[PDB]
Each structure stands twice: as structure tokens, then as C-alpha cells.
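Below is one structure, written out as C-alpha cells, with a few remarks after it.
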Amino acid sequence: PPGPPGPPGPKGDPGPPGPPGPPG
Amino acid sequence: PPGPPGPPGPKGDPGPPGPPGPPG
Amino acid sequence: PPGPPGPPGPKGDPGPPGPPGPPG
């Protein structure tokens, strides 16, 4: 029989920078 | 006999966008 | 003989939240 599925892959990168702060 | 575990899975998605920046 | 290697593992988890955006 084929072996078990391998381990979970590496977690993704940190997400994009957030939006600019609100306008004064 | 059973085969060995498969390779590591693919890489994950980028994380969520970050928070809005500080007020000016 | 031992069977074929298993499939690739699950896709990795999403990364963490990104950093704060620029000052408003």
C-alpha cells in the first residue's frame, strides 16, 4: 500500500501591510 | 509493506492584511 | 517491497497578520 500523506506544508508569509491611518 | 510518508505539503497562503496605521 | 511514498501533505496554514500600515 501507498504510505501516509506527508506532513502539513510550511505556514504562509506574514500578510500585506495594513492601510494608512485615517485622515485628520 | 506500507510505503513511507509523502513529502511536505505546499506552502500556505499569505496572512491577513495588517491593521490600519496610526493617525497623523 | 515497501509500497510507494504517500501523497504530498496538506497545504500549509495561512501566515500571521501583516504589520501596521503607514502613519495617516
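By convention here, the chains of the C-alpha cells are called A, B, ... in the order presented, each chain's residues are numbered starting at 1, and ligands are numbered starting at 1 in the order presented.
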
I'm after chain C in the frame of chain A: fit it by least squares over all Cα atoms matched in order, and give me the output as a PDB file with N, CA, C and O atoms, in the first residue's frame.
ATOM      1  N   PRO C   1       1.404  -1.014  -0.211  1.00  0.00           N
ATOM      2  CA  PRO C   1       0.628   0.217  -0.382  1.00  0.00           C
ATOM      3  C   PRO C   1       1.443   1.490  -0.213  1.00  0.00           C
ATOM      4  O   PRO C   1       2.456   1.496   0.457  1.00  0.00           O
ATOM      5  N   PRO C   2       0.991   2.575  -0.836  1.00  0.00           N
ATOM      6  CA  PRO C   2       1.665   3.875  -0.672  1.00  0.00           C
ATOM      7  C   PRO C   2       1.636   4.265   0.797  1.00  0.00           C
ATOM      8  O   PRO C   2       0.692   3.994   1.514  1.00  0.00           O
ATOM      9  N   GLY C   3       2.706   4.919   1.238  1.00  0.00           N
ATOM     10  CA  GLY C   3       2.826   5.338   2.622  1.00  0.00           C
ATOM     11  C   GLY C   3       1.843   6.429   2.999  1.00  0.00           C
ATOM     12  O   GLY C   3       1.093   6.912   2.151  1.00  0.00           O
ATOM     13  N   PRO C   4       1.839   6.827   4.281  1.00  0.00           N
ATOM     14  CA  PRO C   4       0.940   7.878   4.771  1.00  0.00           C
ATOM     15  C   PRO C   4       1.188   9.229   4.103  1.00  0.00           C
ATOM     16  O   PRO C   4       2.313   9.501   3.688  1.00  0.00           O
ATOM     17  N   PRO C   5       0.154  10.062   4.003  1.00  0.00           N
ATOM     18  CA  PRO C   5       0.332  11.420   3.466  1.00  0.00           C
ATOM     19  C   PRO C   5       1.358  12.144   4.324  1.00  0.00           C
ATOM     20  O   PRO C   5       1.535  11.857   5.491  1.00  0.00           O
ATOM     21  N   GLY C   6       2.045  13.099   3.712  1.00  0.00           N
ATOM     22  CA  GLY C   6       3.042  13.879   4.421  1.00  0.00           C
ATOM     23  C   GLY C   6       2.413  14.850   5.400  1.00  0.00           C
ATOM     24  O   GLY C   6       1.188  14.979   5.450  1.00  0.00           O
ATOM     25  N   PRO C   7       3.248  15.538   6.191  1.00  0.00           N
ATOM     26  CA  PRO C   7       2.745  16.522   7.154  1.00  0.00           C
ATOM     27  C   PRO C   7       2.123  17.739   6.480  1.00  0.00           C
ATOM     28  O   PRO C   7       2.282  17.921   5.273  1.00  0.00           O
ATOM     29  N   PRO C   8       1.422  18.561   7.253  1.00  0.00           N
ATOM     30  CA  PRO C   8       0.944  19.856   6.746  1.00  0.00           C
ATOM     31  C   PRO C   8       2.159  20.645   6.284  1.00  0.00           C
ATOM     32  O   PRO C   8       3.248  20.490   6.798  1.00  0.00           O
ATOM     33  N   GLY C   9       1.955  21.495   5.285  1.00  0.00           N
ATOM     34  CA  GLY C   9       3.028  22.331   4.777  1.00  0.00           C
ATOM     35  C   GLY C   9       3.368  23.466   5.723  1.00  0.00           C
ATOM     36  O   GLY C   9       2.719  23.630   6.755  1.00  0.00           O
ATOM     37  N   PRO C  10       4.389  24.249   5.381  1.00  0.00           N
ATOM     38  CA  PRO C  10       4.757  25.387   6.230  1.00  0.00           C
ATOM     39  C   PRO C  10       3.608  26.373   6.381  1.00  0.00           C
ATOM     40  O   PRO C  10       2.704  26.455   5.548  1.00  0.00           O
ATOM     41  N   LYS C  11       3.655  27.126   7.476  1.00  0.00           N
ATOM     42  CA  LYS C  11       2.695  28.199   7.683  1.00  0.00           C
ATOM     43  C   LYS C  11       2.845  29.249   6.590  1.00  0.00           C
ATOM     44  O   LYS C  11       3.953  29.543   6.135  1.00  0.00           O
ATOM     45  N   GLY C  12       1.717  29.810   6.160  1.00  0.00           N
ATOM     46  CA  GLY C  12       1.750  30.819   5.121  1.00  0.00           C
ATOM     47  C   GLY C  12       2.498  32.065   5.552  1.00  0.00           C
ATOM     48  O   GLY C  12       2.691  32.338   6.737  1.00  0.00           O
ATOM     49  N   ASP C  13       2.925  32.837   4.557  1.00  0.00           N
ATOM     50  CA  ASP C  13       3.676  34.060   4.809  1.00  0.00           C
ATOM     51  C   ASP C  13       2.772  35.135   5.404  1.00  0.00           C
ATOM     52  O   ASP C  13       1.549  35.063   5.286  1.00  0.00           O
ATOM     53  N   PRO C  14       3.375  36.129   6.049  1.00  0.00           N
ATOM     54  CA  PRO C  14       2.608  37.280   6.555  1.00  0.00           C
ATOM     55  C   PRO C  14       2.005  38.015   5.369  1.00  0.00           C
ATOM     56  O   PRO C  14       2.569  38.064   4.294  1.00  0.00           O
ATOM     57  N   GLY C  15       0.827  38.589   5.587  1.00  0.00           N
ATOM     58  CA  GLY C  15       0.161  39.368   4.560  1.00  0.00           C
ATOM     59  C   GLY C  15       0.867  40.684   4.299  1.00  0.00           C
ATOM     60  O   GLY C  15       1.890  40.975   4.919  1.00  0.00           O
ATOM     61  N   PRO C  16       0.322  41.493   3.377  1.00  0.00           N
ATOM     62  CA  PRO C  16       0.901  42.795   3.039  1.00  0.00           C
ATOM     63  C   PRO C  16       0.608  43.856   4.095  1.00  0.00           C
ATOM     64  O   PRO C  16      -0.204  43.617   4.987  1.00  0.00           O
ATOM     65  N   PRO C  17       1.251  45.013   3.986  1.00  0.00           N
ATOM     66  CA  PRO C  17       0.986  46.129   4.909  1.00  0.00           C
ATOM     67  C   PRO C  17      -0.464  46.566   4.783  1.00  0.00           C
ATOM     68  O   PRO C  17      -1.046  46.563   3.717  1.00  0.00           O
ATOM     69  N   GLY C  18      -1.046  46.952   5.914  1.00  0.00           N
ATOM     70  CA  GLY C  18      -2.406  47.454   5.936  1.00  0.00           C
ATOM     71  C   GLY C  18      -2.530  48.796   5.241  1.00  0.00           C
ATOM     72  O   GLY C  18      -1.535  49.350   4.772  1.00  0.00           O
ATOM     73  N   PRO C  19      -3.759  49.328   5.168  1.00  0.00           N
ATOM     74  CA  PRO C  19      -4.021  50.614   4.518  1.00  0.00           C
ATOM     75  C   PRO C  19      -3.676  51.803   5.410  1.00  0.00           C
ATOM     76  O   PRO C  19      -3.413  51.617   6.597  1.00  0.00           O
ATOM     77  N   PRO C  20      -3.679  53.006   4.846  1.00  0.00           N
ATOM     78  CA  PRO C  20      -3.377  54.216   5.628  1.00  0.00           C
ATOM     79  C   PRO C  20      -4.424  54.421   6.710  1.00  0.00           C
ATOM     80  O   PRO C  20      -5.583  54.090   6.558  1.00  0.00           O
ATOM     81  N   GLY C  21      -3.979  54.983   7.829  1.00  0.00           N
ATOM     82  CA  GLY C  21      -4.880  55.347   8.904  1.00  0.00           C
ATOM     83  C   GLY C  21      -5.719  56.549   8.520  1.00  0.00           C
ATOM     84  O   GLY C  21      -5.542  57.111   7.440  1.00  0.00           O
ATOM     85  N   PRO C  22      -6.640  56.955   9.404  1.00  0.00           N
ATOM     86  CA  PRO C  22      -7.522  58.085   9.098  1.00  0.00           C
ATOM     87  C   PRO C  22      -6.785  59.422   9.077  1.00  0.00           C
ATOM     88  O   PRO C  22      -5.699  59.534   9.646  1.00  0.00           O
ATOM     89  N   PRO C  23      -7.370  60.420   8.423  1.00  0.00           N
ATOM     90  CA  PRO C  23      -6.762  61.760   8.367  1.00  0.00           C
ATOM     91  C   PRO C  23      -6.544  62.273   9.782  1.00  0.00           C
ATOM     92  O   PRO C  23      -7.340  62.059  10.673  1.00  0.00           O
ATOM     93  N   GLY C  24      -5.427  62.967   9.965  1.00  0.00           N
ATOM     94  CA  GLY C  24      -5.054  63.513  11.270  1.00  0.00           C
ATOM     95  C   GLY C  24      -6.160  64.490  11.714  1.00  0.00           C
ATOM     96  O   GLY C  24      -7.024  64.876  10.921  1.00  0.00           O
TER      97      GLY C  24
END
